[PDB]
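Just one chain follows, in the form deposited without protoporphyrin IX containing FE, and it is written as structure tokens.
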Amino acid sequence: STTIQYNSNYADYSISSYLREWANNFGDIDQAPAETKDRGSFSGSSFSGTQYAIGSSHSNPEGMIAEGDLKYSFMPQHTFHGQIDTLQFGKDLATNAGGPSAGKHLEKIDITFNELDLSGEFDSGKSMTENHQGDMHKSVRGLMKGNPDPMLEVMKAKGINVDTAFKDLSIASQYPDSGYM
């Protein structure tokens, strides 16, 4: 079953209010010029990986990391598919020691969704419209475009309450208070 951890600074936020703030600041990747666009980084495999990590293309700190079995179809349909088990949001993505093939991490982790079971399929013979209806694609691509609503709809359809503040949300627990951030 999906569970959540959150940094105490976000105790008064909900999933919906957090993802709105995150996505607004991440901003729409399509509006970034090519020269400064972060298209995201796959690692863990020899356009696929067990981790996909992406930061804002607009010189803001927001970033996201997905872990699971992730794939991207590139040209011409640009569909994200596979399985996301863990989805994490925060700020200031950095490459792990050993470089990009070792993965990335967020310097500040705000919210982590565990056992999210977010999936989608890709069929190379089907239309782009059909392939883009998958839960994983619409939610990840929406977030990349500054739009959390597809992700929120997927979460609501899983029975997750995206309205409750984290402090009151049964499936969420606060990361222990620390002092290094």
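So that there is no doubt, residue numbering starts at 1 and follows the sequence shown.
**Q** Might you work out how many residues are unmodelled in the deposited sequence between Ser46 and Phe47, and answer none, 1 to 3, 4 to 9, or 10 or more?
**A** Gap size class: 1 to 3 residues without coordinates, per the record.
**Q** Would 47-55 or 26-34 have the larger average of its C-alpha temperature factors, as given in the entry?
**A** Mean CA B-factor is higher for 26-34.
**Q** Pick between 156-164 and 14-22: the one whose mean CA B-factor in the entry is higher.
**A** It is 156-164.
**Q** If you compare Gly142, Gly63, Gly120, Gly125, which has the highest Cα B-factor in the entry?
**A** It is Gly125.
**Q** Name the third of the chain's ranked CA B-factors that contains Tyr175, choosing lowest, middle or highest.
**A** It belongs to the middle third of the chain when residues are ordered by C-alpha B-factor.
**Q** Sort the modelled residues of this chain by their C-alpha B factor and say whether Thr112 lands in the lowest, middle or highest third.
**A** Its C-alpha B-factor, which the entry lists for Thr112, ranks in the lowest third among residues of this chain.
**Q** Test of reading the entry: by CA B factor among the chain's modelled residues, which third contains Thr2?
**A** Tercile = highest for this residue's CA B-factor.
**Q** Which third of the chain holds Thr86 when residues are ordered by C-alpha B factor: lowest, middle or highest?
**A** Tercile = lowest for this residue's CA B-factor.
**Q** Ranking every modelled residue in this chain by its Cα temperature factor as given in the entry, which third contains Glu67?
**A** Middle third - that is where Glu67 ends up once the chain's C-alpha B-factors are sorted.
Although it is not shown, the form deposited with protoporphyrin IX containing FE bound is what the next lines describe.
**Q** With the partner removed from view, which of 137-145, 151-159, 55-63, 117-125 is the stretch that lies within 4.5 Å of protoporphyrin IX containing FE in the bound PDB entry, judged by heavy atom distances?
**A** It is the stretch 137-145.
**Q** Do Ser41 and protoporphyrin IX containing FE come within 4.5 Å of each other in the bound PDB entry, heavy atoms counted?
**A** Yes, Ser41 sits close enough to protoporphyrin IX containing FE in the bound PDB entry that at least one of its heavy atoms falls within 4.5 Å.
**Q** Using a 4.5 angstroms cut-off on non-hydrogen atoms, would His78 count as touching protoporphyrin IX containing FE in the bound PDB entry?
**A** Looking in the bound PDB entry, residue contacts with protoporphyrin IX containing FE include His78, since a heavy atom lies within 4.5 Å.
**Q** I'd like to know if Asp69 sits close to protoporphyrin IX containing FE in the bound PDB entry, meaning any non-hydrogen atom pair within 4.5 angstroms.
**A** Residue-level check for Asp69: no, no contact with protoporphyrin IX containing FE.
**Q** Consider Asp30 of the chain shown here, and say whether it contacts protoporphyrin IX containing FE in the bound PDB entry, taking contact as heavy atoms within 4.5 Å.
**A** Answer yes; at least one heavy atom of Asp30 falls within 4.5 Å of protoporphyrin IX containing FE in the bound PDB entry.
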